[PDB]
Structures are given as C-alpha cells and as structure tokens.
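What follows are structure tokens for two forms of the same protein chain, given separately as structure 1 and structure 2.
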Structure 1
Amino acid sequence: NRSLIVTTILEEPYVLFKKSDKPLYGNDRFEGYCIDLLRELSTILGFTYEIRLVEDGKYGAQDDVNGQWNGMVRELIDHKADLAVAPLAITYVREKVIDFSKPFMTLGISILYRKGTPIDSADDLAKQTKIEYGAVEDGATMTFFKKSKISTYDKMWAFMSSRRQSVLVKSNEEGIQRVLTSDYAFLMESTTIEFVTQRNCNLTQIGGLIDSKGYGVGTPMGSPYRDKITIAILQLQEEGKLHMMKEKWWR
C-alpha cells in the first residue's frame, strides 16, 4: 500500500517544527495538535503517510477574476495530496470543490483587540472608521465577510475591501502584531484567539462568536477516505482523545 501524501501548513499549535539536538527525520520533524491527530488517524485506519507542507503556503481560496483555486484545497483538487490535515475551515465555497470529514474541532470568528477600551462588538467597529480592522487575506474569515448578506458584516467588508492592502494581512501573527502596535482590531478564529490571549495579557477577545464553524480533514472530492476519516474522528471524540489533544496543545 503506497503511503498517503498529507498536505499541511505551519500554524501554532497545530503544526510546528519539532525541536531537538539529535537529527529528526521524516514525519518526526513535525509536532502539534494536527500531527497528533494525523498519527491517530493512521493507526485507527491503518495507513502510512508522508507529511508535506503546502507548497504555495495557502489554505484555499478561489480567484475572483480567473476563478482558480489555490492552497491545500487546490492540491486536493489536482490529486497532488491525499489528505489535508490542518486548521482548515469547513465552508460552503470549499465544499463545492473538495470533501470534508466531520469536524474535529468547532469554533467561530471573533475579534482580537487590545484591552482597556469600550469597543465591545463588531457593530462598534462597523459604525466607525477610526480604528482599522481586517483579517488574513482570502482566508475563511475574510470570505465570510465578503459573502455576508448581514448589513453589519457587509459594511465591514466594504471597509476592508476599500483598504485591502492596508488592513488585510498574510498571517495570524501579522494580525496579532498589528493589534499590538496600532489602533487595529483583528478578525480571527476563536480557537487561535484563545491560544493568543492566554499568552499575552494585553490582548482580549471582543464580543462573542460572529459565526459557527469547524475544522475538518480535507480530501479530494469523492475520495473513499473522507468517510473513513469521519469514523476515526468520531472514535477519537467518544474516547476523549480530541479533548486530551486540545488540553495538551492549548494547556
């Protein structure tokens, strides 16, 4: 049985380079929530695999003009990878081109901002133009605002869109630093906000969840592995493994 090619991307605490003095080889060079998840999926389902980092460094978005997909989503579409195991959001637009297992983690979009201000919700940001705000460019969060029919979010999209190169960033880290060094609020996924605020007492989540979504394993559309991965994830859930992995990497 040839080994599966599993595409992923660096993102703390899901995927990180394992540190050591002694040389690390193959899949052992990686660690994190998604790495532990993947290992369990392989032993539960009985497959071997090789971890690779998505070449273009993206999750998956469709080009507005040429309509082509990029990121891990595109690698799956083109059968360049068998599975994608990362904090990949399960979204309607993505489900149209690839398949997803049931979620291994639930979350929602929220706001990351500095403490000490009266800003208390998305509405507060939307009704003003002084404090700038944004999201990772073309990520699931930004796309949510772009496709939203809700006036408040539509207004926010118009804002970010008009100042695209100034307010949209390339990573969660860039967004975090931007919040820390300027009057800026960052729209990001709650599970990452959770990790960040526990490590920086100057940061806080603002308001509650803007939506409800989850992360799932991606497979090429029609892959016989999608349903099998779901079975493995459900077993991990009932065995309390998913909860243990969350506590392990978030602590």
Structure 2
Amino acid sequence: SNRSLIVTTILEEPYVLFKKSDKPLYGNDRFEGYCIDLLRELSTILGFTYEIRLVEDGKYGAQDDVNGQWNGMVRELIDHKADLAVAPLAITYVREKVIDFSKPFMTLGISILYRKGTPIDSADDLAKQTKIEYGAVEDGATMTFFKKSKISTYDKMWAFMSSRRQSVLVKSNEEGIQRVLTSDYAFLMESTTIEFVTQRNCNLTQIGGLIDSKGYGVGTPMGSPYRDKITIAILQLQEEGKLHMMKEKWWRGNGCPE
C-alpha cells in the first residue's frame, strides 16, 4: 500500500475554501478552490493519493528573531508533518534556505488595497504619515518583506508596523479587507488576491503598482524527490493552458469597473 501524501494548506479565497453543500462533507471533500484543483492535477499527473490538512497554527510561515524557529506551513514541512504544501505560498530566499519550492505556478507582487476617492497614489504617501494606518498579514511573506527591507520607504513602514503590531498586523487577508472597510486603513497584500477582491467589492481598489515581484510555488521538505516532479507537472499544466483556465475559473469576477 503506497501511503497517501499529507498536504498542508490554508484557508484563503479563492485558492482554498470550504465548499458549500446541503449535506455534510468530510475529509478532502470539504475543500474547493484553485489550489485544490491544482492539487488534484498534481496527484493525477504524478500518480499519488493524498490527505489535506489545514496548517495547525493557521500561519503561512516566518522565522522568529531569537530562537530562529519557523512556524506555519513552512515549519510543518521542515518537521515532516506534511509531504507537500499546496497553497498561495510565496517563494522567497529565506524560505528556500529551509524548504524547497517547485517552479512557480502563478506570479504576483505586493501592492496596496484601499478605498476609492482618495489622492493616495503610492506606498510613499502612506509612509510619510500616520493618519491612514496600514499593515499586513502577520507571519507572512509581505510582513517579512518589510521587516528586512533596507529601502528607505519600506524601512519606515516597517518601523510603523512594528510598534503597532497588535493593531495593524492581521490574522488573515480577510481581516485585512475588513480593516479597510471599517477604519482608515490601507492593506499591503499580494496583487493576485487584490485582483480577486477588487473584482468583487467595487468600493475597493489597488493603490499604485507592484512593489516587488515573486511567485507562488508548491513547497516540499528540503531534499524531497517530489519537488522536481512537481515542477515538471506545473510546466506541463502551464504549457497546455490549464493554469490559465484555472485562474479564470476562480477569479471569475465579472464585476466592478476598472
């Protein structure tokens, strides 16, 4: 009996969410989304069975300053609590040092989610003031970007977020959106997710362009034999246009003027 691979992931629309149904759903059947469709394709292409498990601490993954320990999906892979991480997991150098990533299946960049009708046009507009608050998902790649950046504007922004951790860093992208809707707050979030949000909530918009550039990749414990096999599978899916169709399927946001 070939054991099923344990796949860690995280709730994040439209990548992974609880499928609605009139009757209860169990195990893998509970989930749907872009990353779920991606996982399904990987399993058939490589030929493996799996069991989906939501990351226990509900985090993507960041390293602690004192003990140097990681958390989130990154940590679950490091400790071999999961064979693969199939989620909107940003491929970053600091993460590549502890886990491996497949080639990216989607590209993106950090940008700003805010309301319409304001003169704000860039991160610089946010950095020079403190009336409009701003933050990012705690223990995620965006937070880490600002935490280590030496770029003047971003260093200042991290100084702002750091002293206000408990009030501006959020538990999820969903909460970040809620902050934008319930206070004078601008949220630093990935462009792909901003695209999804703004096509569904016409009160919101992206401010400025992409602050950086990265991709999402499937994560595996360092040294895993599946990493290269998954990379090939992703390139195949890309070539035949399936990744494109999958994006269109889940980002279906025929709403909000642009």
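Heads up, when I say rigid core I mean the largest set of C-alphas that superpose within 1.5 Å between the two forms. Sequence positions of structure 1, starting at 1, serve as the residue numbers.
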Query raised in the report: Taking the rigid core as the frame, does residue 24 move its C-alpha by 2 Å or more between structures 1 and 2?
Result: yes
Report task. Enter the rigid core superposed C-alpha shift of residue 138 between structures 1 and 2, rounded to one decimal in Å. Result -> 1.8
Query raised in the report: If the rigid core is lined up, how many Å does the C-alpha atom of residue 200 shift between structures 1 and 2?
Result: 0.6
